[PDB]
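Novice: Residue numbers (our numbering), protein chains in the order written: chain S, 1 to 129; chain H, 1001 to 1128; chain X, 2001 to 2128; chain F, 3001 to 3128.
Rendered as structure tokens:
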């Protein structure tokens, strides 16, 4: 609907941010991309449908590559080394009010704050516990 | 260890917070809970794999219910009307330094800011 | 709150056929006529957001032709053949209530008792 | 011939009904339109084929626009704000008799009755 706009995925505080802008929405798959390249842009995909008699399911996927620069001859061609994926699902009952939805969003926000254990474990390349 | 501690899940900016505390670690699955009730507490679950060749697959689950107080006679049973589940997966290749993982976490944090499209779409309960 | 039963074929009384709710999983509503597997009329429906301003409702129907072949003495009921039916229906998101009743009225009056298309289907002949 | 005639599509139960009249037949496709306006008329399309030596197949399409008038300069251009499409397919085995086709048409009539779950779900514009 009116939520198909652009936003900053990575925020480095200044000119280092990475903005994704709307690209496509067909077959029920919203697709934001960073740049019109094929293998160098951060990619965000989203969709929503009804899953059960009383639930809805929103599914979200993110792809974050690592970019390098390998030169053959003297062309200086930029390339992608590897990609890191993400698959987020979210089941929400139909008759949930608005405040319940901000509660869910607040839970997801606070789970990934800087000082929390799970993001620190992800960032330090260690194991849980 | 120091990563298996307690933390605030829902931050109400003060006294109204919700805090989850370590409960269990079994079968590779670490589990935080809020209170000791079976239908009254927020639940958090985390685990990590290191599959054979080149992967590191974190998985995270959250459970957030809505609470009501159905009554029979005068028992006053505290019950959960419905639970809003949640999943998450995160594949990272082994050739990832510390800064690359920091960048991945920064992207995954910034996806869920206040004024971004996806959190608003979730907050509205309608089409994207 | 639209997951109820209804009359598929209405012979005005004794000969009617009713379908009652059976299942709803993976986003597929499923009505069946009886707990069998080959002698039941079947209805399947689902809805999603297809495009930026559209929604897609898809509906499928299955209608068999039952027979009563006998082997020994146990009088098997079988299905000789099945006639299928698909239906897609793209409706813009911001269509009003009157607009959608107009859409339903058009899609319903297409199949009146004496129009070209239903007559051609019934007579087992072709258009024109 | 005997099936390429005109018929009423939307029946407003009075003076507001909409009629479609034969327009074209080409490549096996028969096409009815309501008026001659290039982008303002209800459209109906039908065709039949015998793919294999085993079964028939009918395909039907409907286009319903939302009328509106936009003025640029002083021209008063009539346009369609949005069009709601509609598809339909119906596979019938060759050796189905006439009564079987009557039954299929009656089932497809009863699915879209006045107070059944599917037309109401369409008229509400939400989940089924």
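Virtual Cβ for every residue (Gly too), placed ideally from N, Cα, C.
1) Here's the rule: buried if 16 or more other CB atoms are within 10 angstroms of the residue's CB, otherwise exposed. What is residue 2080 of chain X?
2) What residues of chain X sit near residue 3064 of chain F, judged by a beta carbon separation below 8 Å?
3) May I have a chain-ordered list of the beta strand (DSSP E) segments no shorter than 3 residues that lie completely inside the stretch 2015–2101 of chain X?
4) Let's see if you can read the secondary structure: which residues bound the alpha helix (DSSP H) around residue 1122 of chain H?
5) For residue 2019 of chain X, I'd like the list of residues in its chain whose CB is within less than 7 Å of its CB, leaving aside the five on either flank, ordered along the chain.
6) Taking C-beta pairs closer than 8 Å, name the residues in chain X that residue 3117 of chain F reaches, listed in chain order.
7) Distance check for residue 3052 of chain F and residue 29 of chain S, CA to CA, integer angstroms please.
8) When you compare each of S:22, S:2, S:87, S:110 to residue 1013 of chain H by their alpha carbons, which one comes out closest?
9) Which residues bound the beta strand (DSSP E) around residue 3009 of chain F?
10) For residue 3092 of chain F, collect the residues of the same chain with a Cβ closer than 6 Å to its Cβ; drop the 5 residues on either side in sequence, then sort them by chain order.
11) Which residues in chain F have a C-beta closer than 8 Å to the C-beta of residue 2090 of chain X? List them in chain order.
12) Would you call residue 128 of chain S buried or exposed, if buried means 16 or more other Cβ atoms sit within 10 Å of its Cβ?
13) Establish whether the CB of residue 2119 of chain X and some CB of chain F are separated by less than 8 Å.
14) Say whether chain S places a C-beta atom closer than 8 Å to the C-beta of residue 2050 of chain X.
15) Which residue from S:61, S:50, S:38, S:106 puts its Cα closest to that of residue 990 of chain H?
16) I need the DSSP call for residue 2110 of chain X, collapsed to helix, strand or coil.
17) Measuring only the C-alpha atoms, how far is residue 3075 of chain F from residue 3067 of chain F?
18) Among S:48, S:17, S:73, S:25, which has the Cα closest to the Cα of residue 2026 of chain X?
19) Buried or exposed for residue 117 of chain S, going by 16 or more other Cβ atoms inside 10 Å?
20) Check the Cβ of residue 2126 of chain X against every Cβ in chain F and list those closer than 7 Å, keeping chain order.
Specialist: So, from the data block:
1) Answer is exposed; the Cβ neighbour count stays below 16.
2) In chain order, 2102, 2103, 2106 make up the part of chain X whose C-beta sits under 8 Å from the C-beta of residue 3064 of chain F.
3) Counting only runs of 3+ residues, the beta strand (DSSP E) found wholly inside the stretch 2015–2101 of chain X occupies 2017–2025, 2028–2032, 2042–2048, 2054–2067, 2078–2092, in chain order.
4) Looking at the DSSP string, the run of the alpha helix (DSSP H) that includes residue 1122 of chain H is 1117–1124.
5) Excluding sequence positions up to five before and after residue 2019 of chain X, its CB lies within less than 7 Å of the CB of 2005, 2006, 2008, 2031, 2032, 2033, 2041, 2043, all in the same chain and listed in chain order.
6) Result: 2002, 2003, 2004, 2006.
7) Cα to Cα, the separation comes out at about 35 Å.
8) When only C-alpha atoms are compared, the closest one is S:110.
9) Segment 3007–3010, the beta strand (DSSP E) holding residue 3009 of chain F.
10) Here the set comprises 3056.
11) Chain F residues near residue 2090 of chain X: 3084, 3085, 3086.
12) Under this definition residue 128 of chain S is a buried residue.
13) Flagged as an interface residue toward chain F: residue 2119 of chain X, by a C-beta distance shorter than 8 Å.
14) Judged by the 8 Å Cβ criterion, residue 2050 of chain X is in contact with chain S.
15) Absent from the model: residue 990 of chain H. The displayed extent of chain H is 1001 to 1128, so no value can be given.
16) Reduced to three states, the DSSP call for residue 2110 of chain X is coil.
17) The straight-line gap from Cα to Cα measures roughly 16 Å.
18) Of the listed residues, the one whose Cα sits closest to residue 2026 of chain X is S:48.
19) Counting Cβ neighbours within 10 Å, residue 117 of chain S comes out buried, since at least 16 surround it.
20) Chain F residues near residue 2126 of chain X: 3048.
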